[PDB]
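Here the structure comes first, spelled out in structure tokens, and everything after it is commentary.
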There are 2 protein chains.
Amino acid sequence: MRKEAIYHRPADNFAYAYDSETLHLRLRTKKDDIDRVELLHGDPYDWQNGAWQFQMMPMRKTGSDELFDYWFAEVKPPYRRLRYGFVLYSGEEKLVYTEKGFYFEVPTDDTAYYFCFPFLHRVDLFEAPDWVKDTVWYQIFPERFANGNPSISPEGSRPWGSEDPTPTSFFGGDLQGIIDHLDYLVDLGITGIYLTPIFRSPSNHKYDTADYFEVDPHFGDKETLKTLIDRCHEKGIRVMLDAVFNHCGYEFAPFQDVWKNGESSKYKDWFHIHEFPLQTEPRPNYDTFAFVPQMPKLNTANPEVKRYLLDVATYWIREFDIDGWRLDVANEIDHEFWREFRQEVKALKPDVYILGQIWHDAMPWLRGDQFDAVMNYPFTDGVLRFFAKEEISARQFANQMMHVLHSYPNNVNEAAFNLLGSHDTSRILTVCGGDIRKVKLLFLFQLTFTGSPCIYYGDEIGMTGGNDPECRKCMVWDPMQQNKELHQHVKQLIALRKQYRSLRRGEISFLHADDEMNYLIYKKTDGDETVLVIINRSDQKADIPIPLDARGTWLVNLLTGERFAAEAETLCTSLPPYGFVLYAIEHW
Amino acid sequence: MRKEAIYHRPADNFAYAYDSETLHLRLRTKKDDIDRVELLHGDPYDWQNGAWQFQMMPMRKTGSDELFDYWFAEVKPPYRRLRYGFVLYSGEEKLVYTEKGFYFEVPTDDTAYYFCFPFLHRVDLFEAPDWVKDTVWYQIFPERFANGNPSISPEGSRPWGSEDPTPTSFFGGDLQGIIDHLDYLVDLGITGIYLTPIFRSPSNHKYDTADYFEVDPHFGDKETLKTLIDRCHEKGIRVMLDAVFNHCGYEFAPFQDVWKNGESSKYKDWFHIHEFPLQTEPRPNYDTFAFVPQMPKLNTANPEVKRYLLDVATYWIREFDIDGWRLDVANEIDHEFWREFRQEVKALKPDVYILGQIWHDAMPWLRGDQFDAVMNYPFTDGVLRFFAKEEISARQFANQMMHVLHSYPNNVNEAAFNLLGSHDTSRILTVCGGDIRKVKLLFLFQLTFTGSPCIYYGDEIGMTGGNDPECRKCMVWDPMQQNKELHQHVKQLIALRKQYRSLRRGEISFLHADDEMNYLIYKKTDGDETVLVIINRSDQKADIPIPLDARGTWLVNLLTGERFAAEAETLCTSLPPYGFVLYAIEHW
Ligand SMILES: OC[C@H]1O[C@H](O[C@H]2[C@H](O)[C@@H](O)[C@@H](OC[C@H]3O[C@H](O)[C@H](O)[C@@H](O)[C@@H]3O)O[C@@H]2CO)[C@H](O)[C@@H](O)[C@@H]1O
Ligand SMILES: OC[C@H]1O[C@H](O[C@H]2[C@H](O)[C@@H](O)[C@@H](OC[C@H]3O[C@H](O)[C@H](O)[C@@H](O)[C@@H]3O)O[C@@H]2CO)[C@H](O)[C@@H](O)[C@@H]1O
């Protein structure tokens with residue numbers, strides 16, 4: 001029992017309101033250092049004789065990362081007010097952790113010793129559109145999906161798929177192409193399309209916005225967008241658009257004016273300009289995305305720039321009915337803006353998925369007053385290092401997955417954007433060194449993990465390539481090229497996910513196999529149903545023992561449909577190289 | 001090194017923008033475990049020759065508590081963007097602490113391992129009024145200060161000072177009384193007056209409001225309030241009113257109504273009612289302050305309530321130019337509401353001090369989007385447990401002191417409302433058990449601590465009594481009965497506080513004393529100023545040595561005036577029981 005490692009603080013991941021009456025509490029201890037923990041809790045004003053009235057509830061260890069045990073307790077305070085503490089036991093030896101420090105005995109003559117959650121407010125409750133939890137995304141890079149209309153393909157467009165993607169090449173893909181391949185997506189199981197920037201911009205990626213109210217001429221038109229979205233909506237698909245608000249393009253109307261007028265520009269305060277007139281040599285004299293001259297940072301602090309951006313935001317929702325906004329480099333925009341952004345957006349269309357792009361611990365942006373989710377990169381890094389690269393062991397993977405999960409609140413975790421790759425990364429199959437068997441595992445872990453999974457175009461058919469622009473080759477539409485074992489694999493898994501809530505929203509726990517270096521075993525539970533997953537992460541066959549109690553326990557193979565039961569001597573599966581299996585557990 | 005004890009989370013007290021180009025980073029470690037710490041930092045996009053240009057800035061240990069060491073670092077990102085990690089040294093052993101975990105050597109092929117502080121936006125910077133940081137408040141209980149206008153006292157009042165008050169007694173205290181005695185305060189040094197509730201309320205404490213827009217008649221009228229405030233302004237004193245928004249009183253018009261027309265009431269949504277019709281037996285079927293039927297909880301999520309309390313907030317400010325609101329039981333009101341509260345208030349009178357009564361860690365209400373400051377109860381707890389009750393040791397008081405301070409951002413601690421007692425706690429003299437010496441040590445530690453200190457009426461003249469109602473006696477105006485020793489003592493200190501910047505805005509640290517059981521040596525510094533204080537929390541004469549490097553060292557007794565130099569053998573200090581001394585330190 002080492003106090004040095006004990007920790008809890010009343011906010012974010014450690015203390016939060018799950019729903020209106022239930023609030024969850026976490027505690028963190030040294031790995032294996034504690035046996036059991038009990039939450040001390042009671043209404044702040046419940047008193048009898050100079051004694052505070054409390055109840056004791058045991059906490060359950062929900063996971064462990066490299067060097068910490070995480071404990072969980074969910075209490076529905078009688079009057080929505082609560083004061084709590086923790087009683088730690090190490091082989092019957094006890095300790096008392098509170099806001100005022102530790103003690104051998106439980107203080108009861110005042111409540112200032114204890115941590116406090118003053119009151120459960122419905123309006124503060126974190127809440128992300130429920131649908132996203134059941135959705136399964138497919139990110140599209142319009143320029144390279146499908147050229148469904150050549151008349152508007154920019155001059156120079158290379159023959160589709162012909163050569164390798166360069167920073168300045170074009171192939172003529174357009175929104176019409178997407179409308180032209182929607183069934184394909186509807187067949188895969190996709191239920192949401194996330195598109196990358198489409199508003200008019202010089203480049204092929206469109207991350208350097210030219211006009212936030214115009215559909216890039218080469219992609220199509222308002223008329224064309226609407227039909228895309230409506231066609232998607234009738235097919236049961238939601239549409240997410242990308243919003244590059246951190247900065248604009250060199251060609252942004254206002255920026256041009258500041259450049260050709262400088263100090264006297266009607267828009268000098270629209271940017272982060274230090275010296276006049278603007279320069280670029282050696283480096284820019286005005287803040288930019290990184291050090292890119294064509295991407296001058298917008299000043300979201302100016303009431304105008306702010307009004308404008310808020311207009312753009314509501315415009316598209318109000319005029320096209322998109323179901324969400326993906327906002328890149330969002331972590332670089334001030335919280336004050338994001339606070340409004342939500343207010344306005346949510347005022348218009350309540351269940352709009354506001355996904356901010358953040359490449360690090362995003363807790364400050366996931367409290368309920370801003371984004372609904374972020375890009376779960378820790379998930380990405382993890383899954384790849386284990387399944388694809390094979391650089392970390394299974395205990396390590398379980399460690400990092402638990403580490404990222406206990407880092408946020410449960411409801412925030414339920415709406416996490418889980419992707420294995422993107423337009424800014426290498427192609428998952430290329431990371432797998434070309435091993436399809438591995439990619440199969442990624443999708444497997446992806447599609448059984450709680451949250452909102454996203455699939456990068458072509459990763460389901462086996463596309464390959466390095467990192468940007470290499471990961472942006474044209475979609476592959478010829479069957480003789482698109483690895484079908486994967487298609488059916490993905491398609492198959494997407495089906496299971498829709499079928500099993502535990503997969504979509506349940507809790508995850510890792511069972512210790514007799515080799516935490518190549519075999520990974522875990523299960524998903526939403527309290528009602530339970531699915532079990534066993535993976536053989538190695539290039540050899542293996543006989544794996546399923547660690548389950550057999551009393552009234554039945555397992556169902558979700559891939560073959562087969563069924564059977566665990567006896568007074570349960571069994572052990574055995575998969576081939578990179579093999580796997582899913583079992584629905586029944587407790588009769 | 002103890003990895004499990006090392007900790008850092010990019011937010012709240014650990015990472016925060018101090019100003020518009022300077023941000024603070026803080027790290028936690030097991031006390032004495034780490035030799036040195038260095039902050040590894042650099043701009044997220046400054047790469048050259050394929051290597052991330054990052055620098056190594058050494059960190060400073062600003063204190064420790066029971067179990068930890070706290071390290072500090074001040075950094076100005078060249079482009080207001082920053083990626084960082086921490087490097088720890090213990091002998092030859094090296095650890096690199098990052099968002100992605102511990103490493104035994106600086107990873108450099110990426111910036112993702114590192115903790116991140118995206119951008120420095122002025123709109124996200126924390127800012128409490130500055131005037132507050134040089135103020136010294138005096139808390140008054142209008143009912144017990146002075147019966148300036150005996151024509152409006154309530155029927156039944158007792159001759160001023162007749163006997164010990166009761167929860168229902170009245171001594172006809174009024175606002176005129178305050179005005180009449182302003183000179184007494186102007187003489188003491190008071191530069192800020194905080195008043196408890198003054199709006200219409202059947203009680204003698206007025207915490208159960210009847211009408212937020214009416215000044216209790218027995219206290220005075222709108223007109224009388226102006227003059228008190230206008231007169232206060234010319235004597236250079238700020239005025240702060242106490243607003244009770246968490247709950248109303250049984251006599252509050254809207255509630256009375258619900259109490260007549262149940263579920264049909266046009267106001268049933270201004271409260272937290274569980275079943276209709278309302279009931280108080282066996283217990284109230286509606287949420288109240290604690291379990292007090294007379295105090296119905298307002299539902300600040302309701303749009304009408306919300307708009308109402310906001311108008312009340314800006315009404316008095318707007319028409320009476322008050323200098324700040326002390327918001328009662330603020331931790332039980334939703335965050336969203338406080339966010340409007342600040343928006344509204346600040347747009348009206350930016351320098352309005354927004355103080356919230358939160359009896360526990362309040363990090364969540366102090367991010368700059370809600371409260372400017374809260375009652376620093378931890379302060380009071382430590383201060384009394386050591387100087388008054390003599391329960392904890394000096395070392396303990398020290399840790400407790402650092403523990404709190406390090407749980408908040410330097411700029412937040414800069415505006416803390418540091419009080420020793422209220423109309424809710426007993427009397428400081430009564431807690432010292434009569435010893436005027438101990439109490440005298442309290443004013444000392446209070447008036448040498450950073451923040452905004454406050455003095456309970458009478459404390460400065462030796463008034464006594466137990467916990468509510470006993471602590472709310474009638475202000476002793478008889479010179480034959482008030483304790484003039486303390487008065488001057490207090491008048492003496494507030495003066496030094498005024499002239500010694502380092503005393504109100506400086507950093508604090510505890511010079512390890514020999515008898516780490518009864519002596520306390522600490523100094524205050526703001527970068528230039530440097531005051532040192534030595535206290536003999538003992539009932540015996542003590543010879544206490546001064547731990548200071550004496551190469552160009554000049555001490556200045558801020559009490560006698562005497563000046564002297566420090567020699568190789570650090571000068572020792574002789575002090576009587578419970579004696580004390582403050583020196584000004586000059587390095588030449
Ligand atoms: O300017 C050159 C590149 O611009 C565009 O890159 C986009 C990127 O595609 C988009 O996802 C986003 O990325 C945000 C992150 O960028 C880096 O990875 C930082 O480390 C991280 O802190 C950011 O959050 O924004 C950029 C800029 O618009 C083009 O897509 C890319 O092809 C160009 O090479
Ligand atoms: O009739 C009930 C009481 O009402 C008033 O009490 C005030 C109190 O003076 C004011 O500071 C504030 O206190 C809130 C705190 O109350 C307790 O101390 C809890 O331990 C703490 O957690 C709360 O934050 O609000 C109450 C209610 O108005 C009268 O002053 C008091 O005499 C009455 O008993």
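Each chain in the structure tokens gets a letter, A, B and so on, in the order shown; residues start at 1 in every chain, and ligands are counted from 1 in the order they appear.
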Check: Near residue 84 (chain B), within 12 Å and counting only C-alpha atoms, which residues show up once chain neighbours fewer than 3 positions away are dropped, as a ChimeraX atom specification?
Finding: /A:360 /B:8-10,15,24-27,38-44,52-57,73,75,77,81,87,96-100,106-108,110-118
Item checked: Selection within 10 Å of ligand 1 by only C-alpha atoms and all ligand atoms, output as an MDAnalysis selection string -> (chainID A and resid 141 166:168 196:197 203:209 242:249 288:295 326:332 356:360 375 422:425 467:469 472) or (chainID B and resid 44:45 81 83 110:112 116 118)
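Matched residue by residue and fitted by least squares, the Cα atoms of chain A sit at an RMSD of 0.5 Å from chain B.
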Tell me which protein, DNA and RNA residues are within 10 Å of residue 556 (chain B), counting only C-alpha atoms, leaving out same-chain ones fewer than 4 positions away, and put them as a compact mmCIF listing (two decimals) with N, CA, C and O atoms, in the first residue's frame.
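Now in selection08.txt:
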# COMPACT_ATOMS: atom_id res chain seq x y z
N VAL B 531 10.51 39.31 2.20
CA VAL B 531 10.28 39.42 3.62
C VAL B 531 10.41 38.03 4.20
O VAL B 531 10.07 37.05 3.55
N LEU B 532 10.94 37.96 5.42
CA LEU B 532 11.12 36.69 6.12
C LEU B 532 10.38 36.80 7.43
O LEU B 532 10.42 37.83 8.09
N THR B 560 10.60 47.15 14.45
CA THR B 560 11.34 48.15 15.20
C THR B 560 12.01 49.18 14.30
O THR B 560 12.07 50.37 14.64
N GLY B 561 12.51 48.72 13.16
CA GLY B 561 13.19 49.59 12.21
C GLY B 561 14.65 49.22 12.09
O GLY B 561 15.28 49.45 11.05
N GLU B 562 15.18 48.63 13.17
CA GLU B 562 16.57 48.21 13.26
C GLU B 562 17.04 47.55 11.97
O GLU B 562 16.27 46.87 11.30
N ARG B 563 18.31 47.75 11.64
CA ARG B 563 18.90 47.16 10.45
C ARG B 563 20.25 46.55 10.84
O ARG B 563 20.94 47.07 11.72
N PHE B 564 20.60 45.43 10.21
CA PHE B 564 21.86 44.77 10.53
C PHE B 564 22.29 43.78 9.46
O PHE B 564 21.48 43.30 8.69
N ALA B 565 23.58 43.47 9.45
CA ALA B 565 24.11 42.55 8.45
C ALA B 565 24.25 41.13 8.98
O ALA B 565 24.42 40.91 10.17
N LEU B 582 9.48 39.88 11.65
CA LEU B 582 9.52 39.92 10.20
C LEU B 582 10.71 40.75 9.77
O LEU B 582 10.90 41.87 10.22
N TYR B 583 11.54 40.21 8.89
CA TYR B 583 12.67 40.98 8.43
C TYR B 583 12.54 41.20 6.93
O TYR B 583 11.92 40.41 6.24
N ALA B 584 13.12 42.30 6.45
CA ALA B 584 13.13 42.58 5.03
C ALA B 584 14.55 42.17 4.63
O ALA B 584 15.52 42.59 5.27
N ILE B 585 14.66 41.35 3.61
CA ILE B 585 15.96 40.86 3.17
C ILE B 585 16.47 41.59 1.95
O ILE B 585 15.77 41.70 0.94
N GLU B 586 17.70 42.08 2.05
CA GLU B 586 18.34 42.81 0.97
C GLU B 586 19.67 42.18 0.58
O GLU B 586 20.56 42.00 1.41
Note to self: Could you pull out the strand (DSSP E) residues of region 238-411 of chain B, going by DSSP on the backbone, and write them as a PyMOL selection string?
What the structure shows: chain B and resi 238-243+288-289+292-296+324-327+353-356+373-374
Just-selected residues, N, CA and C atoms written as a compact mmCIF listing (two decimals), in the first residue's frame:
# COMPACT_ATOMS: atom_id res chain seq x y z
N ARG B 238 -13.98 49.15 -1.38
CA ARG B 238 -14.82 48.42 -2.34
C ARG B 238 -15.98 47.75 -1.60
N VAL B 239 -17.12 47.63 -2.27
CA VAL B 239 -18.27 46.99 -1.64
C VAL B 239 -18.71 45.73 -2.37
N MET B 240 -18.84 44.64 -1.61
CA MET B 240 -19.27 43.34 -2.13
C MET B 240 -20.50 42.81 -1.41
N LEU B 241 -21.54 42.54 -2.19
CA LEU B 241 -22.80 42.01 -1.68
C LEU B 241 -22.84 40.48 -1.80
N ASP B 242 -23.59 39.85 -0.90
CA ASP B 242 -23.73 38.40 -0.88
C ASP B 242 -25.03 38.03 -1.59
N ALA B 243 -24.93 37.26 -2.67
CA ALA B 243 -26.12 36.84 -3.40
C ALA B 243 -26.43 35.35 -3.19
N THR B 288 -34.10 21.23 -1.28
CA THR B 288 -33.88 22.44 -0.48
C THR B 288 -32.41 22.64 -0.10
N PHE B 289 -32.11 23.75 0.57
CA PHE B 289 -30.73 23.91 1.01
C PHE B 289 -30.64 22.86 2.10
N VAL B 292 -33.39 21.83 4.92
CA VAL B 292 -34.16 22.96 5.43
C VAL B 292 -35.36 23.28 4.53
N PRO B 293 -36.57 22.98 5.00
CA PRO B 293 -37.82 23.22 4.27
C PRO B 293 -37.98 24.66 3.85
N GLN B 294 -37.64 25.57 4.77
CA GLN B 294 -37.75 27.00 4.53
C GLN B 294 -36.93 27.49 3.34
N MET B 295 -35.96 26.69 2.89
CA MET B 295 -35.11 27.08 1.76
C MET B 295 -35.21 26.20 0.50
N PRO B 296 -36.13 26.55 -0.41
CA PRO B 296 -36.34 25.81 -1.67
C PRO B 296 -35.19 26.08 -2.64
N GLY B 324 -18.46 43.73 -6.47
CA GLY B 324 -18.26 42.29 -6.51
C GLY B 324 -19.35 41.50 -5.82
N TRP B 325 -19.58 40.27 -6.28
CA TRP B 325 -20.60 39.40 -5.70
C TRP B 325 -19.99 38.18 -5.02
N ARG B 326 -20.40 37.93 -3.79
CA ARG B 326 -19.94 36.76 -3.05
C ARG B 326 -21.11 35.80 -3.21
N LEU B 327 -20.99 34.89 -4.18
CA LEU B 327 -22.04 33.93 -4.48
C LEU B 327 -22.06 32.71 -3.60
N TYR B 353 -15.43 41.76 -8.71
CA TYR B 353 -14.85 40.56 -8.11
C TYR B 353 -15.94 39.49 -7.99
N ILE B 354 -15.79 38.37 -8.68
CA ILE B 354 -16.80 37.31 -8.60
C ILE B 354 -16.31 36.16 -7.72
N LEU B 355 -16.65 36.24 -6.44
CA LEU B 355 -16.24 35.27 -5.42
C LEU B 355 -17.28 34.20 -5.16
N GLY B 356 -16.85 32.94 -5.14
CA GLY B 356 -17.77 31.85 -4.90
C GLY B 356 -17.48 31.06 -3.63
N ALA B 373 -12.60 33.90 -7.83
CA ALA B 373 -12.00 33.33 -6.64
C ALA B 373 -13.02 32.66 -5.73
N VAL B 374 -12.51 31.83 -4.81
CA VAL B 374 -13.34 31.13 -3.83
C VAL B 374 -12.75 31.29 -2.42
Next item on the list: Compile the contact shell of residue 187 (chain A) as a PyMOL selection string: residues with an atom at most 12 Å away, counting only C-alpha atoms, same-chain residues fewer than 6 positions apart removed.
Entry: chain A and resi 181+235-237+487-488+490-492+494-495
Next item on the list: Considering only C-alpha atoms and all ligand atoms, state which residue in the set A:89, A:275, A:14, A:46 is at the smallest distance from ligand 2.
Entry: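 Closest to ligand 2 of all the choices is A:46.
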Next item on the list: Tell me, as number ranges by chain, which residues lie within 8 Å of residue 551 (chain B), counting only C-alpha atoms; anything in the same chain fewer than 6 positions away does not count.
Entry: B: 566-568, 587-588
